[PDB]
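Peer 1: before the rest arrives, take these chain(s) from the complex:
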Amino acid sequence: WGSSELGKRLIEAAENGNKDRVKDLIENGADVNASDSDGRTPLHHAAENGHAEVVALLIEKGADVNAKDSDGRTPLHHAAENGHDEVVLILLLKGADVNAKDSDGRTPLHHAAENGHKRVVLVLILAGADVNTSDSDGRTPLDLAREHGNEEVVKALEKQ
């Protein structure tokens, strides 16, 4: 096949944020939707690490915006968890489900609230995030913000 190979290089390049290298590999025929052993695509890795330009390019090159890993997480989950709000905006503008559930039944808003990312929380809400969605343990994003003492996130959520 020639590759891949190429996808493993692509996944690694997307994780590092090397945008030029991402271009070449895709040109060289690297599957933009290749996944690792954890089921993570280049889009999963770029989004997790906050590489907005790589995230944008990958989508332009046909990357699946709601791909799920072995934990059922979309790239939006990773961006929300790690507080990368520009990545969040880009993914949402490209048709990512704002209320996508992982294996634990958690939305991106759950992750943002738990990790205290107020800016991300606001973006998600604006994008139409259901603030009263609860996971498999019946817990809302607001509940997680309270446990972990994220008081600014707490405030933002009860004003809804």
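Peer 2: Received, thanks. Numbering: from 1, shown residues only, chains lettered A, B, ... in the order given.

Peer 1: surely residue A:94 and residue A:59 touch.
Peer 2: Yes: Residue A:94 lies in contact with residue A:59 (Cβ atoms under 8 Å); the separation is 4.9 Å. Quick note: C-beta positions are derived from backbone N, CA and C, even for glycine.

Peer 1: shared neighbours of the two, anything?
Peer 2: Shared contacts of residue A:94 and residue A:59, defined by Cβ atoms under 8 Å, 6 or more residues apart in numbering, comprise residue A:65.

Peer 1: of these two, which one has the most company?
Peer 2: Taking other Cβ atoms under 10 Å, residue A:94 and residue A:59 do not tie; residue A:59 has more neighbours (21 against 15).

Peer 1: name the element the more buried one belongs to?
Peer 2: helix A:52-60 (DSSP states H and E).

Peer 1: buried residues, that helix. List them.
Peer 2: Within helix A:52-60, the residues scored as buried using 16 or more other Cβ atoms under 10 Å are A:52, A:54-59.

Peer 1: quick check: end-to-end length of stretch A:60-74?
Peer 2: Chord length of stretch A:60-74, first to last residue, is 17 Å (Cα to Cα, to the nearest Å).

Peer 1: tell me how far that stretch lies from the chain's centre.
Peer 2: 8 Å (Cα atoms, centre = their mean, to the nearest Å).

Peer 1: got the contact list for that stretch?
Peer 2: With Cβ under 8 Å, 6+ apart as the criterion, stretch A:60-74 contacts A:26, A:32-33, A:35, A:38-44, A:59, A:75-76, A:91, A:94-97, A:100-103, A:108.

Peer 1: also put chain B on there:
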Amino acid sequence: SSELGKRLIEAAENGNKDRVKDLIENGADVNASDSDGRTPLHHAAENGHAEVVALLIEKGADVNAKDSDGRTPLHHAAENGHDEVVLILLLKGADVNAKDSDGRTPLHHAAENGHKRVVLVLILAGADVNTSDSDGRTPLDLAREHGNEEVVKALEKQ
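Peer 2: Take a look at chain B, now in place beside the chains above:
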């Protein structure tokens, strides 16, 4: 009548959240405006005082108030790249496609001043990216003109 209005506008402009709450309690009009027609909300948004902005709106501030130039507080926040304020305003019913005296939306200002995240937020909130002003110019036109290459791309993929 009020000098309380002057102090409130002043306090909001400076981001003094405590001083703002006191004046409002002491009967200061939250919708007072200077000679330029700018409210405390206009000043808080222009200088990116997010907590003051939220506080003013809760105390009944008009989110879509127009100044002498027809600018809303969202125009000011977009121009100066205060994306948190932009978020708060939009979440409080601010009109994303409000036109000033020149027929420009907040997207025009964000694009002109090279504020990429505000651009993204505005578009996500439903900003018409192909609105032309009274000169027939779109936000993309303004972005290309000022060499805001990142904004140019962001508006080209739309």
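
Peer 1: please look at the buried residues of helix A:52-60 again, because chain B has been put in.
Peer 2: Within helix A:52-60, the residues that qualify as buried by neighbour count (16 or more other Cβ atoms under 10 Å in any protein chain shown) are A:52-59.

Peer 1: make a markdown table out of those residues and add distance to residue A:6.
Peer 2: What follows is the buried residues of helix A:52-60, written out as a markdown table (distance: Cβ to Cβ, whole Å):
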| residue | distance to residue A:6 |
| --- | --- |
| A:52 | 23 |
| A:53 | 20 |
| A:54 | 16 |
| A:55 | 19 |
| A:56 | 21 |
| A:57 | 16 |
| A:58 | 14 |
| A:59 | 19 |
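
Peer 1: related to what we said a few turns ago, touching chain B at all, the helix holding residue A:59?
Peer 2: Yes: counting by Cβ under 8 Å from any Cβ of the partner chain, chain B is contacted by helix A:52-60 at A:56, A:60.

Peer 1: give me the angle between that helix and helix B:149-156.
Peer 2: 20 degrees (axes from the mean of the first three to the mean of the last three Cα atoms, to 10 degrees).

Peer 1: helices or strands up against the helix or strand following helix A:52-60?
Peer 2: With elements assigned by DSSP H and E, the helix or strand that comes after helix A:52-60 is helix A:75-81. For helix A:75-81, the packing partners by 3 or more Cβ pairs under 8 Å, 6 or more residues apart in numbering or on different chains; DSSP states H and E come out as helix A:42-49, helix A:85-93, helix A:108-114, helix A:118-126.

Peer 1: show me the contact partners of helix A:75-81.
Peer 2: Here helix A:75-81 makes contact (Cβ atoms under 8 Å, 6 or more residues apart in numbering or on different chains) with A:41, A:43-44, A:46-48, A:50, A:55, A:65-67, A:85, A:87-88, A:91-92, A:96-98, A:100, A:102, A:106, A:108-109, A:111-112, A:114-115, A:117, A:120, A:124.
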